[PDB]
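Content type PDB, C-alpha atoms and all ligand atoms, from the file upload09.pdb:
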```pdb
MODEL        1
ATOM      1  CA  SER A   1      13.251  -2.586  12.075
ATOM      2  CA  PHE A   2      12.716  -3.791   8.408
ATOM      3  CA  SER A   3      14.865  -6.813   7.520
ATOM      4  CA  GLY A   4      15.644  -8.708   4.308
ATOM      5  CA  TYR A   5      14.764  -5.903   1.868
ATOM      6  CA  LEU A   6      16.522  -5.381  -1.441
ATOM      7  CA  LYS A   7      17.449  -1.669  -1.852
ATOM      8  CA  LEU A   8      16.135  -0.382  -5.213
ATOM      9  CA  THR A   9      16.955   3.328  -4.783
ATOM     10  CA  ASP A  10      18.023   5.803  -2.061
ATOM     11  CA  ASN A  11      14.553   5.513  -0.478
ATOM     12  CA  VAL A  12      12.732   2.516  -2.001
ATOM     13  CA  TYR A  13      13.166  -1.031  -0.651
ATOM     14  CA  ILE A  14      11.438  -4.259  -1.733
ATOM     15  CA  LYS A  15      10.867  -7.718  -0.252
ATOM     16  CA  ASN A  16       8.959 -10.869  -1.191
ATOM     17  CA  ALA A  17       6.715 -10.919   1.837
ATOM     18  CA  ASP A  18       3.161 -11.114   3.022
ATOM     19  CA  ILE A  19       2.369  -7.527   4.115
ATOM     20  CA  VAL A  20       0.158  -8.808   6.999
ATOM     21  CA  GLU A  21       3.010 -10.969   8.346
ATOM     22  CA  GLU A  22       5.448  -8.164   7.732
ATOM     23  CA  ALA A  23       3.263  -5.659   9.616
ATOM     24  CA  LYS A  24       2.722  -8.115  12.520
ATOM     25  CA  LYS A  25       6.558  -8.595  12.728
ATOM     26  CA  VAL A  26       7.725  -4.949  12.366
ATOM     27  CA  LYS A  27       4.673  -3.116  13.814
ATOM     28  CA  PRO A  28       5.580  -0.113  11.607
ATOM     29  CA  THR A  29       4.480   3.444  12.259
ATOM     30  CA  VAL A  30       2.507   3.256   8.995
ATOM     31  CA  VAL A  31       1.160   0.364   6.992
ATOM     32  CA  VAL A  32      -0.405   1.343   3.635
ATOM     33  CA  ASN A  33      -3.651  -0.281   2.608
ATOM     34  CA  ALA A  34      -4.634  -0.710  -1.068
ATOM     35  CA  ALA A  35      -8.005   0.853  -0.365
ATOM     36  CA  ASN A  36     -11.037   1.697  -2.508
ATOM     37  CA  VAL A  37     -13.029   4.960  -2.168
ATOM     38  CA  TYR A  38     -15.653   3.276   0.038
ATOM     39  CA  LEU A  39     -13.044   1.660   2.338
ATOM     40  CA  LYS A  40     -14.750  -1.714   1.655
ATOM     41  CA  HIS A  41     -11.851  -4.047   2.437
ATOM     42  CA  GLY A  42     -13.167  -7.089   0.609
ATOM     43  CA  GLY A  43     -10.162  -8.644  -1.082
ATOM     44  CA  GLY A  44      -6.525  -8.334  -2.164
ATOM     45  CA  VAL A  45      -4.330  -6.475   0.328
ATOM     46  CA  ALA A  46      -7.331  -4.694   1.936
ATOM     47  CA  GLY A  47      -9.199  -7.926   2.574
ATOM     48  CA  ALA A  48      -6.058  -9.492   4.059
ATOM     49  CA  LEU A  49      -5.195  -6.492   6.310
ATOM     50  CA  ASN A  50      -8.827  -6.219   7.454
ATOM     51  CA  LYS A  51      -9.043  -9.977   8.251
ATOM     52  CA  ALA A  52      -5.827  -9.656  10.327
ATOM     53  CA  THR A  53      -7.556  -6.940  12.428
ATOM     54  CA  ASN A  54     -10.551  -9.294  13.047
ATOM     55  CA  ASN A  55     -12.702  -6.805  11.028
ATOM     56  CA  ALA A  56     -11.857  -3.853  13.356
ATOM     57  CA  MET A  57     -10.406  -2.013  10.340
ATOM     58  CA  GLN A  58     -13.759  -2.387   8.495
ATOM     59  CA  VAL A  59     -15.799  -1.243  11.532
ATOM     60  CA  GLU A  60     -13.574   1.826  11.911
ATOM     61  CA  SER A  61     -13.668   2.467   8.131
ATOM     62  CA  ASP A  62     -17.480   2.283   7.996
ATOM     63  CA  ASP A  63     -17.686   4.948  10.712
ATOM     64  CA  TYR A  64     -15.139   7.067   8.771
ATOM     65  CA  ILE A  65     -17.236   6.802   5.559
ATOM     66  CA  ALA A  66     -20.498   7.484   7.435
ATOM     67  CA  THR A  67     -18.950  10.738   8.717
ATOM     68  CA  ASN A  68     -16.860  11.862   5.730
ATOM     69  CA  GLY A  69     -18.178  10.211   2.614
ATOM     70  CA  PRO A  70     -15.998   8.368   0.134
ATOM     71  CA  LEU A  71     -12.359   9.114  -0.591
ATOM     72  CA  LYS A  72     -11.243  10.352  -4.012
ATOM     73  CA  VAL A  73      -9.355   8.000  -6.374
ATOM     74  CA  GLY A  74      -5.731   9.111  -5.757
ATOM     75  CA  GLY A  75      -6.616  10.181  -2.205
ATOM     76  CA  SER A  76      -6.018   8.785   1.236
ATOM     77  CA  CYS A  77      -6.959   8.891   4.856
ATOM     78  CA  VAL A  78      -5.061   7.992   8.035
ATOM     79  CA  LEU A  79      -6.856   5.591  10.342
ATOM     80  CA  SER A  80      -5.722   3.230  13.124
ATOM     81  CA  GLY A  81      -3.235   0.506  12.324
ATOM     82  CA  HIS A  82      -4.977  -1.738  14.902
ATOM     83  CA  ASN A  83      -2.709  -4.765  15.686
ATOM     84  CA  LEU A  84      -0.677  -4.227  12.472
ATOM     85  CA  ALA A  85       0.826  -0.748  12.812
ATOM     86  CA  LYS A  86       0.488   2.564  14.701
ATOM     87  CA  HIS A  87      -1.495   3.912  11.684
ATOM     88  CA  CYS A  88      -2.956   2.629   8.486
ATOM     89  CA  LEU A  89      -2.686   4.969   5.515
ATOM     90  CA  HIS A  90      -5.594   3.917   3.264
ATOM     91  CA  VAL A  91      -4.546   4.951  -0.213
ATOM     92  CA  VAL A  92      -6.832   4.658  -3.250
ATOM     93  CA  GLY A  93      -4.945   3.838  -6.401
ATOM     94  CA  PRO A  94      -6.922   3.814  -9.697
ATOM     95  CA  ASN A  95      -8.629   0.485 -10.366
ATOM     96  CA  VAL A  96      -8.017  -0.294 -14.034
ATOM     97  CA  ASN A  97     -10.715  -3.031 -13.837
ATOM     98  CA  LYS A  98     -13.243  -0.163 -12.994
ATOM     99  CA  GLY A  99     -11.892   1.878 -15.975
ATOM    100  CA  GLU A 100     -10.178   4.412 -13.678
ATOM    101  CA  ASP A 101      -7.477   6.743 -14.978
ATOM    102  CA  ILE A 102      -3.985   5.161 -14.543
ATOM    103  CA  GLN A 103      -2.577   8.750 -14.456
ATOM    104  CA  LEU A 104      -4.063   8.935 -10.901
ATOM    105  CA  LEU A 105      -1.420   6.428  -9.721
ATOM    106  CA  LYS A 106       1.143   9.240  -9.277
ATOM    107  CA  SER A 107      -1.353  11.218  -7.136
ATOM    108  CA  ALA A 108      -1.991   8.065  -5.091
ATOM    109  CA  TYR A 109       1.766   7.579  -4.422
ATOM    110  CA  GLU A 110       2.136  11.266  -3.453
ATOM    111  CA  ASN A 111       0.203  10.467  -0.274
ATOM    112  CA  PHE A 112       3.239   8.420   0.886
ATOM    113  CA  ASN A 113       5.334  11.613   1.046
ATOM    114  CA  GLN A 114       3.423  12.750   4.137
ATOM    115  CA  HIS A 115       5.048   9.876   6.135
ATOM    116  CA  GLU A 116       8.791   9.490   6.742
ATOM    117  CA  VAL A 117       8.651   5.681   6.649
ATOM    118  CA  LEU A 118       5.982   3.265   5.414
ATOM    119  CA  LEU A 119       5.393  -0.435   4.866
ATOM    120  CA  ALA A 120       3.357  -0.652   1.619
ATOM    121  CA  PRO A 121       2.092  -2.733  -1.231
ATOM    122  CA  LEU A 122       2.419  -1.695  -4.909
ATOM    123  CA  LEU A 123      -0.544   0.616  -5.546
ATOM    124  CA  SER A 124      -3.064  -0.436  -8.234
ATOM    125  CA  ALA A 125      -1.332  -3.832  -8.562
ATOM    126  CA  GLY A 126      -3.098  -7.202  -8.113
ATOM    127  CA  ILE A 127      -6.867  -7.030  -8.249
ATOM    128  CA  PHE A 128      -6.675  -3.284  -9.128
ATOM    129  CA  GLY A 129      -5.504  -4.350 -12.589
ATOM    130  CA  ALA A 130      -2.520  -2.110 -13.278
ATOM    131  CA  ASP A 131       0.866  -3.377 -14.413
ATOM    132  CA  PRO A 132       2.941  -3.867 -11.208
ATOM    133  CA  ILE A 133       6.145  -3.005 -13.149
ATOM    134  CA  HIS A 134       4.561   0.386 -13.994
ATOM    135  CA  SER A 135       3.407   0.796 -10.336
ATOM    136  CA  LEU A 136       6.973   0.245  -9.080
ATOM    137  CA  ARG A 137       8.314   2.798 -11.586
ATOM    138  CA  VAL A 138       5.717   5.396 -10.473
ATOM    139  CA  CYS A 139       6.553   4.589  -6.836
ATOM    140  CA  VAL A 140      10.334   5.173  -7.263
ATOM    141  CA  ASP A 141       9.709   8.373  -9.331
ATOM    142  CA  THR A 142       7.115   9.812  -6.902
ATOM    143  CA  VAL A 143       7.852   8.714  -3.347
ATOM    144  CA  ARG A 144      10.699  10.571  -1.644
ATOM    145  CA  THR A 145      10.162   9.164   1.870
ATOM    146  CA  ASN A 146      11.368   5.664   2.934
ATOM    147  CA  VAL A 147       9.073   3.028   1.508
ATOM    148  CA  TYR A 148       9.370  -0.677   2.193
ATOM    149  CA  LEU A 149       7.397  -2.514  -0.433
ATOM    150  CA  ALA A 150       6.032  -5.988   0.340
ATOM    151  CA  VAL A 151       5.260  -8.133  -2.760
ATOM    152  CA  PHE A 152       3.421 -11.319  -1.865
ATOM    153  CA  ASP A 153       3.852 -13.188  -5.171
ATOM    154  CA  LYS A 154       7.525 -14.582  -5.488
ATOM    155  CA  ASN A 155       7.261 -14.804  -9.286
ATOM    156  CA  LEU A 156       6.100 -11.154  -9.463
ATOM    157  CA  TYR A 157       8.803 -10.069  -6.960
ATOM    158  CA  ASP A 158      11.505 -11.716  -9.155
ATOM    159  CA  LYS A 159      10.057 -10.097 -12.299
ATOM    160  CA  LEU A 160       9.989  -6.672 -10.574
ATOM    161  CA  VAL A 161      13.618  -6.934  -9.362
ATOM    162  CA  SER A 162      14.973  -8.445 -12.612
ATOM    163  CA  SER A 163      13.321  -5.761 -14.782
ATOM    164  CA  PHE A 164      14.098  -2.735 -12.527
TER
HETATM  165  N1  LIG A 201      -3.390  -9.753  -1.378
HETATM  166  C1  LIG A 201      -2.104  -9.598  -1.636
HETATM  167  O1  LIG A 201      -1.670  -9.131  -2.692
HETATM  168  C2  LIG A 201      -1.195 -10.146  -0.559
HETATM  169  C3  LIG A 201      -1.629  -9.616   0.829
HETATM  170  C4  LIG A 201      -0.986 -10.421   1.951
HETATM  171  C5  LIG A 201      -1.409 -11.879   1.910
HETATM  172  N2  LIG A 201      -1.550 -12.354   0.531
HETATM  173  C6  LIG A 201      -1.904 -13.611   0.129
HETATM  174  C7  LIG A 201      -2.015 -13.550  -1.216
HETATM  175  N3  LIG A 201      -1.705 -12.287  -1.670
HETATM  176  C8  LIG A 201      -1.452 -11.594  -0.579
ENDMDL
END
```

Could I get this file's structure written as structure tokens?
Amino acid sequence: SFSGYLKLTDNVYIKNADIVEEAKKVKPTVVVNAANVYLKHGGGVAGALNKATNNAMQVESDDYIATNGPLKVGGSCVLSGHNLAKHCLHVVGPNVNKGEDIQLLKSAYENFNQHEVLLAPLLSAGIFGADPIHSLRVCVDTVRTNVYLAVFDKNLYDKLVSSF
């Protein structure tokens, strides 16, 4: 099971870890991807998770979009976890760099409540442009299920823990 996590609350845990390496190690029931509405896994967490699947995540995602159309900002879909997890929950947090409404971050985290346990990144953090400290606060105030947050950047992880 999950090892080395700092317990933030009753249900939120955090670790300075590479989410791809973490997923390969734990093989969780659910790994969350920091997805965009088109499921184009080009960079950040999505680019790293997709590269770990040898592009199988992108091939599956393109078929999903061809059938269903784009996701909503704040929405999600459950697809295969490939070699990383049983399932991948692709969650679209607002991208502040695209001028998307930061208020949608709570809706994005609500998707986590449909899964009893998840390995996840901080939604809208990194290349999505939101403040990761704010993302962690929305996570702990929205998610009620057991979430294991992986924060790649050590300096950001320390800042998140020290300011919690
Ligand atoms: N893209 C991210 O935020 C994480 C994803 C796992 C690997 N990794 C390397 C650099 N940063 C990361």

- Counting only C-alpha atoms and all ligand atoms, which protein, DNA or RNA residues come within 10 Å of ligand LIG 201 (chain A), given as a PyMOL selection string? chain A and resi 17-23+33-34+43-49+52+121-122+125-127+150-153

- Take the PyMOL selection byres (((chain A and resi 108) around 12) and not hetatm), apply it to the structure above, and return the hits as a VMD selection string. chain A and resid 32 to 37 71 to 77 89 to 95 101 to 107 109 to 114 122 to 124 135 138 to 139 142 to 143

- Task: I would like the residues chosen by the PyMOL selection byres (((chain A and resi 11) around 12) and not hetatm) on the shown file; could you give them as a PyMOL selection string?
- Result: chain A and resi 5-10+12-14+112-113+116-118+139-149

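With distances restricted to all atoms listed in the file, A:128 is the closest residue to residue A:100 from A:2, A:30, A:128, A:88.
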
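Distances here use only C-alpha atoms; by that measure, the residue among A:155, A:29, A:68, A:16 closest to residue A:86 is A:29.
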
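With distances restricted to only C-alpha atoms, A:129 is the closest residue to residue A:96 from A:120, A:24, A:160, A:129.
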